[PDB]
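Enquirer: Please read through the structure below; I'll follow up with questions.
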4 protein chains.
Amino acid sequence: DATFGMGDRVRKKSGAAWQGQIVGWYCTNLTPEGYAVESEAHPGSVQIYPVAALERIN
Amino acid sequence: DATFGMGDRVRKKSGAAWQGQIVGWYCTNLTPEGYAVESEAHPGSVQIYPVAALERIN
Amino acid sequence: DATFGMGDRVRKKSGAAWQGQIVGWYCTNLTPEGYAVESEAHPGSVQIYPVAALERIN
Amino acid sequence: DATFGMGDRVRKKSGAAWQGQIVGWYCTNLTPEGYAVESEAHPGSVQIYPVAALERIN
């Protein structure tokens, strides 16, 4: 079952930074559980990452 | 209700090209209906677009 | 000649937000003058945009 | 000095696929030597990667 849900606040654990709300999901063979995250600093900009790259915060 | 479903083959209508399968979805205020599309030419690479930017093909 | 130089602080004019420093450049037929911009809120994350999408700030 | 030049044909070595021509460059602390690559399959679409992720082909 899904690690995050819509609206969870998450950030990238390492490397390039990103922080904001879960706004969608995707699934490919390379990334069977991926999420779309809308930046809380840059409204409207969305980046997609594998679940292993993300952690939930407050 | 959703314009596309998982696995639909879609392409960008104009501007930068992209073509492949729907592999997810996202929703923000700027893009209330968006999709993740995995390239059929470049497996594993995914880009996200608003529904208005995409059209279904075969 | 180039509208921006390395290190200029710029933001997206409209739509999805982005703000930070110019860190590179690109040129294609669709985007003959494009820039890479590293977010000032999310260090390490870089997005690329056409010059017409960007404006210089302080 | 730079590993690639404008117009070199390159591909991603591993993970998500990408192949096409070098069309620009970028430099950040996380990625001190990065390149913009326009897909040869999807004209106009550009992705950016660190040099270590790319290899030159024919």
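Residue numbers in this text run from 1 along the chain shown.
Backbone N, Cα and C atoms are what each Cβ position is placed from, and that goes for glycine too.
Pulled these from Swiss-Prot:
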type    : residues                                                                        : note
BINDING : A:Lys12, A:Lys13, A:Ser14, A:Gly15, A:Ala16, A:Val46, A:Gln47, A:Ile48, A:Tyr49 : NADP(+) binding site
BINDING : A:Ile48                                                                         : substrate binding site
Enquirer: Between the two most separated Cα atoms in A:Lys12, A:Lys13, A:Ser14, A:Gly15, A:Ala16, A:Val46, A:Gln47, A:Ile48, A:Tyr49, the residues recorded as binding NADP(+), what distance in Å do you get?
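Expert: Overall maximum Cα spacing for these binding residues reaches 18 Å.
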Enquirer: For A:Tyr49 (NADP(+) binding site), which residues in the same chain are close in space, meaning a Cβ under 8 Å from its Cβ, but six or more apart along the sequence?
Expert: A:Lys12, A:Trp18, A:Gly34, A:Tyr35, A:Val37
Enquirer: Which whole-number value in Å describes the distance between the Cα atoms of A:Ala16 (NADP(+) binding site) and A:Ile48 (substrate binding site)?
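Expert: Given the Cα positions, A:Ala16 (NADP(+) binding site) is 12 Å from A:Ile48 (substrate binding site).
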Enquirer: Measure from each Cβ of the binding-site residues A:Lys12, A:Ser14, A:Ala16, A:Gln47, A:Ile48 to the Cβ atoms of chain D, and list in sequence order the residues where some distance is under 8 Å, or 'none'.
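Expert: Cβ contacts with chain D under 8 Å: A:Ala16.
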Enquirer: Restricting to the same chain and to sequence separations of six or more, state which residues have a Cβ under 8 Å from that of A:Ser14 (NADP(+) binding site).
Expert: A:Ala53
Enquirer: Listed in sequence order, which of the binding-site residues A:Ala16, A:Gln47, A:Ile48, A:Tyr49 sit with a CB under 8 A of chain C?
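Expert: Among the binding-site residues A:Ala16, A:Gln47, A:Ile48, A:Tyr49, the ones whose Cβ sits under 8 Å from a Cβ of chain C are A:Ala16, A:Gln47.
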Enquirer: Sorted by position, what residues of the same chain at least six away from A:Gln47 (NADP(+) binding site) have a C-beta under 8 A from it?
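Expert: Long-range Cβ contacts: A:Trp18, A:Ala36, A:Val37, A:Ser39.
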Enquirer: Can you list which of the binding-site residues A:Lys12, A:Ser14, A:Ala16, A:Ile48, A:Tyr49 come closer than 8 Å to chain B, going by CB to CB distance?
Expert: A:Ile48
Enquirer: According to DSSP, folded down to helix, strand and coil, what is A:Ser14 (NADP(+) binding site)?
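Expert: Where A:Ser14 (NADP(+) binding site) sits, the three-state DSSP reduction gives coil.
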Enquirer: Per 10 Å Cβ neighbour count, which of the binding-site residues A:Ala16, A:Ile48 ranks highest?
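Expert: Result for the most crowded candidate: A:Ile48.
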